[PDB]
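S.K.:
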Amino acid sequence: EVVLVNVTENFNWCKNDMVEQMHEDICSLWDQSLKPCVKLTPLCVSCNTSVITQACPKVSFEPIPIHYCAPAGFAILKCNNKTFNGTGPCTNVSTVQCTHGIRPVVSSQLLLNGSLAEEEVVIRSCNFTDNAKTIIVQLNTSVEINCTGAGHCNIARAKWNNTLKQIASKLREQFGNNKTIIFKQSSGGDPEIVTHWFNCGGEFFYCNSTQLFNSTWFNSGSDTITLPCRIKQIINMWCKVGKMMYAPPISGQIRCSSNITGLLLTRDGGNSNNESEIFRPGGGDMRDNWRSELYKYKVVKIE
Amino acid sequence: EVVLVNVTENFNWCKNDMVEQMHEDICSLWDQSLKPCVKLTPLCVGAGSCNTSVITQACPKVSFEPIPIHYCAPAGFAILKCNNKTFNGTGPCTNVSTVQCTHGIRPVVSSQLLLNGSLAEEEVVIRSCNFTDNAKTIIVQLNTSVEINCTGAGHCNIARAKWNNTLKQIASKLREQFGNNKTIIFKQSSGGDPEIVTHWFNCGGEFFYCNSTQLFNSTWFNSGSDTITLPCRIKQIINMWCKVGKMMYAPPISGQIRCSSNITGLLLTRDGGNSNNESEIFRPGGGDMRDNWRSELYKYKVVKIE
Amino acid sequence: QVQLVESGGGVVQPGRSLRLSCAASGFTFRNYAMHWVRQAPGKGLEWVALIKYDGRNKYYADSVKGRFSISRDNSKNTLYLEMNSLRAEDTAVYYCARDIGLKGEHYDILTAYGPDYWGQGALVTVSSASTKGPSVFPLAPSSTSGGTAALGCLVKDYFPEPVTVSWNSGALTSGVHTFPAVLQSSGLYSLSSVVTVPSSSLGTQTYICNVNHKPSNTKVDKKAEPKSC
Amino acid sequence: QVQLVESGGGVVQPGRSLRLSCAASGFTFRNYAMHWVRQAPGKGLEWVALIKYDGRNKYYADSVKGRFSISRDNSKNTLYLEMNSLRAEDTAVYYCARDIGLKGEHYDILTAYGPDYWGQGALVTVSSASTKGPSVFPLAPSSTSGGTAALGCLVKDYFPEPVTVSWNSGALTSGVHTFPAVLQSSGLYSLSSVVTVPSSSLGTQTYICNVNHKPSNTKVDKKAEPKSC
Amino acid sequence: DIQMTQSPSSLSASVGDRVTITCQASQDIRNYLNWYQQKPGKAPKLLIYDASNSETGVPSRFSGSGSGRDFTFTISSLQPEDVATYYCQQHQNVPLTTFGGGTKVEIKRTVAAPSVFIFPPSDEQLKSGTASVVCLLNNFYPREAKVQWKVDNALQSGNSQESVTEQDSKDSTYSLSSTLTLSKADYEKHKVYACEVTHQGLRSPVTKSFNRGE
Amino acid sequence: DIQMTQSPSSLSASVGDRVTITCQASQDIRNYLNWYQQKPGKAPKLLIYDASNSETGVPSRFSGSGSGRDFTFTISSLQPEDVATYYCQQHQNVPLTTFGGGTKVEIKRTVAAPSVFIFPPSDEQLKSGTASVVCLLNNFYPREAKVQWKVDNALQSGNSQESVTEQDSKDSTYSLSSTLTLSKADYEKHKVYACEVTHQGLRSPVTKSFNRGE
Ligand SMILES: *[C@@H]1O[C@H](CO)[C@@H](O)[C@H](O)[C@H]1NC(C)=O
Ligand SMILES: *[C@@H]1O[C@H](CO)[C@@H](O)[C@H](O)[C@H]1NC(C)=O
Ligand SMILES: *[C@@H]1O[C@H](CO)[C@@H](O)[C@H](O)[C@H]1NC(C)=O
Ligand SMILES: *[C@@H]1O[C@H](CO)[C@@H](O)[C@H](O)[C@H]1NC(C)=O
Ligand SMILES: *[C@@H]1O[C@H](CO)[C@@H](O)[C@H](O)[C@H]1NC(C)=O
Ligand SMILES: *[C@@H]1O[C@H](CO)[C@@H](O)[C@H](O)[C@H]1NC(C)=O
Ligand SMILES: *[C@@H]1O[C@H](CO)[C@@H](O)[C@H](O)[C@H]1NC(C)=O
Ligand SMILES: *[C@@H]1O[C@H](CO)[C@@H](O)[C@H](O)[C@H]1NC(C)=O
Ligand SMILES: *[C@@H]1O[C@H](CO)[C@@H](O)[C@H](O)[C@H]1NC(C)=O
Ligand SMILES: *[C@@H]1O[C@H](CO)[C@@H](O)[C@H](O)[C@H]1NC(C)=O
Ligand SMILES: *[C@@H]1O[C@H](CO)[C@@H](O)[C@H](O)[C@H]1NC(C)=O
Ligand SMILES: *[C@@H]1O[C@H](CO)[C@@H](O)[C@H](O)[C@H]1NC(C)=O
Ligand SMILES: *[C@@H]1O[C@H](CO)[C@@H](O)[C@H](O)[C@H]1NC(C)=O
Ligand SMILES: *[C@@H]1O[C@H](CO)[C@@H](O)[C@H](O)[C@H]1NC(C)=O
Ligand SMILES: *[C@@H]1O[C@H](CO)[C@@H](O)[C@H](O)[C@H]1NC(C)=O
Ligand SMILES: *[C@@H]1O[C@H](CO)[C@@H](O)[C@H](O)[C@H]1NC(C)=O
Ligand SMILES: *[C@@H]1O[C@H](CO)[C@@H](O)[C@H](O)[C@H]1NC(C)=O
Ligand SMILES: *[C@@H]1O[C@H](CO)[C@@H](O)[C@H](O)[C@H]1NC(C)=O
Ligand SMILES: *[C@@H]1O[C@H](CO)[C@@H](O)[C@H](O)[C@H]1NC(C)=O
Ligand SMILES: *[C@@H]1O[C@H](CO)[C@@H](O)[C@H](O)[C@H]1NC(C)=O
Ligand SMILES: *[C@@H]1O[C@H](CO)[C@@H](O)[C@H](O)[C@H]1NC(C)=O
Ligand SMILES: *[C@@H]1O[C@H](CO)[C@@H](O)[C@H](O)[C@H]1NC(C)=O
Ligand SMILES: *[C@@H]1O[C@H](CO)[C@@H](O)[C@H](O)[C@H]1NC(C)=O
Ligand SMILES: *[C@@H]1O[C@H](CO)[C@@H](O)[C@H](O)[C@H]1NC(C)=O
Ligand SMILES: *[C@@H]1O[C@H](CO)[C@@H](O)[C@H](O)[C@H]1NC(C)=O
Ligand SMILES: *[C@@H]1O[C@H](CO)[C@@H](O)[C@H](O)[C@H]1NC(C)=O
Ligand SMILES: *[C@@H]1O[C@H](CO)[C@@H](O)[C@H](O)[C@H]1NC(C)=O
Ligand SMILES: *[C@@H]1O[C@H](CO)[C@@H](O)[C@H](O)[C@H]1NC(C)=O
């Protein structure tokens, strides 16, 4: 809205109350969406005519964007530095009344329907030296992932392999330029944090993401990876504001399958400091999710 | 010789080069000695008629006696002598003499007991280069000598009464240095080479090793025979004979020199650590001859004659 | 080094409340569901409570619904279980266990998958009695006395359980027989502990009775030795 | 606390000289005669030199007369032994010992009465070779695996002797088997060290290989852990 | 809320044999069933998870099978230390449940004689006021054993408590302990304290006596 | 300069037995003779001084006797940890002398089987270039034991070194170690590495194998 000139402010995303608020409040919300097309097919008996008909009736439910708006008498400071790291002073700053359009999506391991990084791949951590702190990866190119209710998700293996390389490299760039980067399945735990767990409005997918995190990098099958899924409903995870409970759309109703724009890795510490580093799919902590999108905002008083 | 008036000097016997010199050089040296006596007996003839008397000379036995050695101040120097009858070695003496030569010292190698030495003038004196260092040897100097009779047969005799009393005096002067209400304990040597575990001493050429366990076996202020007899072993030690240059000096032969002398001092060593509560423990020490020499040279210091 | 250490055992009088803890280590605690299981002295295993990883969803047995409270601080890697209105029937050993993850079992999605690692237990006794220290007495050998001889200790008059006995600081195991405690008429416990050794070494060896009644900070050490002067 | 600590061990090439020391403590040093005794690796005990208390009289074996020098500073409670023209046959362990005093059970005045306390020894190797650090490798367990399992370390390629190995900082002794070093064809030594533990604790316990080649200021610590991911 | 049944409640079986325990659920639970093994005193252990899966580290001889409402834990070759209580658990639902008390397996071995000992009251204890006389029956089988007390040949009653270990893991032999508690006043009285034991593999009652001297 | 003789040079003896060692001096040395005991690795210890005197702390079972040229060290009842080498020393003269090598006493016990283990080369070592495969024979008796190496069933020679501990002080059992050293080049080649051991109390050769597929 109004770009501050020459002015620099201090950001600290790991101490940002937007994240906490946005996380306590905020539900998903779906609206009906019509995506009409036309089919015009030839009519041959002498191919004189042609019958144009409209026919993409299917009504689907689509996620509604939520914006966090600065309260009365306050504003939001926005970093425009395309490769900002969260903490520190931004030399290029804007002032907006509202954050961008966030489509809340509960999930672990993979960040869905999110904001791609503008320049190159970005990795972030509240503290890289603390192996417990979750690492947030933000691709600059989204990887399409097709999930059917039948119980499986598809991912172009070529696209994934390449996405891994980019991640591995930006990690090799954070933990010693000549380190071997290893991706391994989750070390174990509750289903939500061991599988690629995510919502499709009401229904929850648990996906065997073991094939996504099973490779070694810089160590001198099919054309499409298919993930096994279980699909369970979770009413207790439904939106509950006061007395009202909000029942999300029914099934074939909402379109499962989205775009991967981020990951949630966790680093293996201890006796892992020498020949190589090991990263496993993490998350299960939704605050990390919200930070993935709110790193570049901070709320202040309008002086 | 010439007593300095009103002048005071600084003494430090634990840094006194006389001791070192006197110790490196200096041998014993014995000279023949005639100690003649005359006997006179009456000549009784009949009854009451003891008119005459017969004077006759006796006591032929020739013995060898130790020759006194004096340390004499070099050319252009002199010796300062403390006259303070109870001096402690270190410090300023307010009464001083100037002599050309030290007194007559009769060198006698020994441990535990100091023989043929100088008795203290007033009361019993104890000395140490540092009383707080249990390692530093304590030098006791009696004011009354205890006769000790040693025969070649292999034993030494000491009047127990005289010893017991000598112990008391020592114990008391120690009780006076380590807390006036401490129990003083005398115990045998803790162990070591024979020379430092026995009352070891020379009798010219021959060396006595004596079981002085009966002399140091008592507790004091904790509220047999008339003569103590010490067992002795007598060994020769040529390597301890005087060797000045090419010449070796063979000391007198045996019945030649008269073994047995006068105890005038002791060499005690204090047991430290844990024994710092109600009682203190002292054991016969020495074996370090420099301590012996200090026992006699505490009151001397060599200086330039200005 | 997957370890689960319970702490907060002891006594508590009928009606009062107690809170036990479980110091978990050697595995990302904030990723596993945790179980509380109790075992009446001498009886079977009874599942008490469960809590999912994030600490939200909790699940209780009907035998506790409304009296017990399971919780967790994924920041102190500790699991908690506070118990209110303790009856005489709650007197039991309390284990905490880690729920198996979601092993690649081909799997379906269940609430729990069952415990794998358990803690070493924590004894809780609901009694209106007071604690007491153990009096340790020797049992000495005798004079066939040309083969093997048996000795030991006698831990008598204490409360409550337990009293872990060892020998020579743990440097002697084979032959040891620590008996189950007996409940006397004085409401106080008592147990014995014996061992077998070669009587050809009843004069050149030392044996030590290492009692440890922790609930009363007691740690006695007694010596076993033959008599006759 | 009668202690005699030798120091100054190490290497020295044939022809050179070396001087060893013995920090004595816990007994009036200036009162006892001191002994030097050596022991060819694997062979018997050979008395080398003696020195009386005052430091005067010294006594040597015919196997050293004119090459070795015994001495002492009764002020630093230290005993010394300088050795010149070291041959390949002088390669041995060198002990210092305190001569028994003159106990009452003796009755004659001898030159020496024999050693009572010895030092823990100091290794001296007469070699024209150079020292080298040990490379430490693990020996991990396996998968009956329902009883007891054995693990350990491998200390390989070093020089000279010795390399004192311990476990868990000394908190594990029973079961340990540190083998004698083997002389390879590369003139470098190598030894192994194993231990037996319950395979019912190969997942809840930590073991540490504490190597210490002091002659080269090496102090490695390696972890023993089962494989399969 | 699912009811679990195990069979048998208890069973004796010689070492080397094959022990079979059956689990039977009130309703279909697919293959969601775990088998646990609790030795005496120690804490439970996971042996089989989800019907037929061996934990890692778990000995090679333990197996599981079944699905639906019928399951089966099985030791191929019993070993001396396999003596414990075995529970089966279902997780098709909360609350989790088992057969309360599970199945206690115990070893049958060759009748072994009870090495009997007797320890008189410690001096340190004659002071406190109460005198406790002990009696040991070491490493014996079977568990059945009559212990009796005698003072100057006078059988005692009521004032005696006994305590017996659970079956040994190495040699499968029980060990018993009987204590006679009397005040220091009833102790000085009598001179000859005795202990008469009767065990199957003991052709005739053994005894162990003494007195307040030597 | 006095020559000392000891007998025997070495001797095996069961625990509990009485061991007698004789010392014999070339010339009369009165009673000036000390007995020393050197365990494996550790530093010598004084047991008896001046023929027949027990040091303080020295166990009650060690004694000495004799005078002149004939002496006798004696353990009344051998114990497991008494296994060491024993020297006698004379101090009637300098230089001091003993019987070089003294008397090595070793325990005879019940034949025990060698629990055999096998450890493949550590990954950390496949890097350095040289692969060392180990083989353990733990707590066994007697010391005699043939160890063999096999790769894909191909007996090796020359490239093997072994090292065996001295007799244990607790259970009187030796432990052996055999290492097979080959370069990383000769390692990748073969798949099945084996270790065949033969011990008296081992009715038939035991083996332990594996492969580079863990
Ligand atoms: C911002 O920085 C530029 C370049 O350094 C400077 O010339 C300018 O004065 C600053 N801002 C404004 C508003 O001019
Ligand atoms: C962007 O971010 C980087 C790294 O955090 C920072 O060093 C730099 O100053 C920023 N650049 C801009 C364009 O503000
Ligand atoms: C962000 O940038 C600042 C400097 O602009 C730097 O100090 C800080 O380390 C960076 N943070 C991260 C997480 O890299
Ligand atoms: C601020 O952001 C703009 C794009 O929004 C871009 O030109 C640059 O990163 C920044 N400009 C300044 C003031 O440097
Ligand atoms: C995305 O970022 C990576 C650096 O991580 C870069 O190599 C790649 O070219 C970028 N792709 C696009 C299209 O921006
Ligand atoms: C991050 O964590 C490490 C280890 O816990 C700590 O030493 C470091 O100070 C932390 N870094 C910051 C910036 O707080
Ligand atoms: C998913 O479906 C889309 C059509 O919308 C297709 O273009 C894409 O290739 C599929 N994604 C993958 C990776 O299979
Ligand atoms: C990417 O994946 C392919 C398989 O589809 C693999 O063969 C190749 O090594 C990978 N290439 C990269 C990015 O290194
Ligand atoms: C995991 O990765 C390995 C090595 O890249 C490969 O051989 C295998 O196909 C994968 N296996 C699993 C469990 O997905
Ligand atoms: C070091 O970096 C290179 C990439 O330049 C990588 O291929 C190599 O494997 C690394 N070194 C090793 C062997 O770990
Ligand atoms: C992601 O976005 C697409 C298109 O906006 C939507 O159809 C889909 O439902 C979203 N996926 C999830 C998991 O919300
Ligand atoms: C992924 O993003 C692109 C561009 O927004 C869109 O065309 C595609 O349908 C998305 N995939 C899904 C499943 O939302
Ligand atoms: C691995 O560990 C060492 C310390 O042992 C460390 O200094 C370094 O980062 C690594 N070593 C190498 C070869 O880089
Ligand atoms: C020396 O000292 C004494 C006593 O202090 C003093 O009276 C006197 O005047 C001084 N000098 C002389 C020799 O008179
Ligand atoms: C001699 O010295 C002592 C101290 O040891 C001192 O007290 C005394 O006063 C001195 N004698 C005289 C008469 O000055
Ligand atoms: C010894 O006596 C002197 C007097 O000559 C006195 O000044 C000093 O305090 C005493 N010194 C010691 C250490 O006893
Ligand atoms: C000096 O010594 C003499 C005794 O020899 C005597 O006059 C008195 O002790 C001292 N004189 C002084 C200065 O009082
Ligand atoms: C010697 O001095 C002491 C005081 O230590 C005293 O008791 C004793 O009577 C004195 N003897 C003579 C005769 O001076
Ligand atoms: C005296 O002894 C104490 C105790 O050892 C020591 O600390 C002090 O330095 C000594 N004083 C002198 C001057 O030597
Ligand atoms: C020492 O000799 C004298 C005679 O000179 C004698 O009177 C004394 O009794 C002897 N020693 C003792 C005290 O027995
Ligand atoms: C002196 O010695 C006698 C024994 O000869 C002893 O009984 C007495 O107590 C001692 N008396 C003194 C001087 O305290
Ligand atoms: C010390 O004296 C006592 C009598 O008081 C005597 O029995 C004993 O023999 C003496 N002690 C020693 C070590 O000889
Ligand atoms: C003084 O001496 C007595 C012995 O008569 C001793 O027992 C006591 O401890 C001492 N008194 C004190 C404590 O000063
Ligand atoms: C001590 O002095 C006397 C008399 O001068 C002498 O006869 C005797 O030989 C001396 N004793 C010793 C041991 O030197
Ligand atoms: C011992 O002392 C006195 C001098 O006080 C002397 O007359 C006597 O002859 C001496 N005896 C010996 C053995 O020197
Ligand atoms: C110091 O006094 C205590 C108390 O009487 C005593 O037990 C201890 O033995 C004494 N210290 C020494 C070293 O004798
Ligand atoms: C998921 O399935 C793969 C094979 O598709 C299997 O290797 C892996 O064990 C499973 N992972 C999990 C965590 O269920
Ligand atoms: C000397 O004799 C005493 C008394 O018989 C005895 O206690 C001691 O052993 C002997 N002393 C020494 C150090 O030989």
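In the order they appear, the protein sequences are chains A, G, B, H, C and L.
For the first sequence, the residue numbers in PDB author numbering are 83 to 127, 195 to 299, 329 to 398, 410 to 492.
For the second sequence, the residue numbers in PDB author numbering are 83 to 129, 194 to 299, 329 to 398, 410 to 492.
For the third sequence, the residue numbers in PDB author numbering are 1 to 52, 52A, 53 to 82, 82A to 82C, 83 to 100, 100A to 100K, 101 to 128, 131 to 216.
For the fourth sequence, the residue numbers in PDB author numbering are 1 to 52, 52A, 53 to 82, 82A to 82C, 83 to 100, 100A to 100K, 101 to 128, 131 to 216.
For the fifth sequence, the residue numbers in PDB author numbering are 1 to 95, 95A, 96 to 213.
For the sixth sequence, the residue numbers in PDB author numbering are 1 to 95, 95A, 96 to 213.
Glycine included, each C-beta is placed from N, C-alpha and C at the ideal position.
Which word fits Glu269/G, buried or exposed, when buried means at least 16 other C-beta atoms lie within 10 angstroms of its C-beta?
M.R.: Residue mapping note: residue 269/G aligns to position 123 of the second sequence, counting from 1. Burial call: exposed.
S.K.: In chain B, which residues lie less than 8 Å from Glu123/C when you measure between Cβ atoms?
M.R.: Counted from its first residue, the fifth sequence places residue 123/C at position 124. Near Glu123/C (Cβ distances below 8 Å), the residues of chain B are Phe122, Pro123.
S.K.: Can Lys42/L and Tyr36/L be called in contact, C-beta distance under 8 Å?
M.R.: If you number the sixth sequence from 1, residue 42/L lands on position 42. If you number the sixth sequence from 1, residue 36/L lands on position 36. No, they are not a contact pair.
S.K.: To which residues does DSSP link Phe73/L through a beta bridge?
M.R.: Counted from its first residue, the sixth sequence places residue 73/L at position 73. DSSP lists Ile21/L, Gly64/L as partners of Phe73/L.
S.K.: Taking all protein chains shown into account, decide if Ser113/H is buried (16 or more other Cβ within 10 angstroms of its Cβ) or exposed.
M.R.: Within the fourth sequence, numbered from 1, the residue matching residue 113/H stands at position 128. Exposed, because fewer than 16 other Cβ atoms sit within 10 Å of the Cβ of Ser113/H.
S.K.: Within 7 Å: the Cβ of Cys109/G and any heavy atom of ligand 16?
M.R.: On the second sequence, position 27 is the one that residue 109/G refers to. No, since every heavy atom of ligand 16 falls outside the 7 Å radius drawn around the Cβ of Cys109/G.
S.K.: Return the residues of the segment 7-22 of chain C that lie within a Cβ-Cβ distance of less than 9 Å from chain H, sorted by chain order.
M.R.: none
S.K.: Say whether chain L places a C-beta atom closer than 8 Å to the C-beta of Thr151/H.
M.R.: In the fourth sequence, residue 151/H corresponds to position 164, counting from 1. Not an interface residue.
S.K.: What does the alpha-carbon distance come out to for the pair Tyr87/C and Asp86/B?
M.R.: Here residue 87/C refers to the residue found at position 87 of the fifth sequence. Here residue 86/B refers to the residue found at position 90 of the third sequence. Between the C-alpha atoms of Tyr87/C and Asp86/B there is a straight-line separation of about 21 Å.
S.K.: With H, G and I counted as helix, E and B as strand and the rest as coil, what does DSSP make of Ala346/G?
M.R.: Residue mapping note: residue 346/G aligns to position 171 of the second sequence, counting from 1. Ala346/G falls in the helix class under three-state DSSP.
S.K.: Less than 7 Å between the CB of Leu100F/B and some heavy atom of ligand 27, yes or no?
M.R.: In the third sequence, counting from the first residue as 1, residue 100F/B sits at position 110. Outside the cutoff, so no.
S.K.: Could you compute how far the alpha carbon of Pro119/H sits from the alpha carbon of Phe118/L?
M.R.: As a position in the fourth sequence, residue 119/H is number 134, starting the count at 1. As a position in the sixth sequence, residue 118/L is number 119, starting the count at 1. So the alpha carbons of these two residues sit roughly 19 Å apart.
S.K.: Whose C-beta lies closer than 7 Å to the C-beta of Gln171/H among residues of the same chain, with five residues either side of it excluded?
M.R.: The residue you call residue 171/H lines up with position 184 of the fourth sequence. So the qualifying residues of the chain are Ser177.
S.K.: Is the closest heavy atom of ligand 25 to the C-beta of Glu267/G under 7 Å?
M.R.: Start at 1 with the first residue of the second sequence, and residue 267/G comes out as number 121. Result no, Cβ not under 7 Å from ligand 25.
S.K.: Taking Cβ positions only, does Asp113/G come closer than 8 Å to chain H?
M.R.: Along the second sequence, one-based indexing puts residue 113/G at 31. No, no contact with chain H.
S.K.: At least one CB of chain H closer than 8 Å to the CB of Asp50/L: is that the case?
M.R.: For the purposes of this step, residue 50/L is identified with residue 50 of the sixth sequence, where counting begins at 1. For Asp50/L, the answer is yes, since a Cβ of chain H falls inside 8 Å of its Cβ.
S.K.: List, from N- to C-terminal side, the alpha helix (DSSP H) runs of 4 residues or more that fit wholly inside the segment 150-202 of chain C.
M.R.: Correct list: 183-188.
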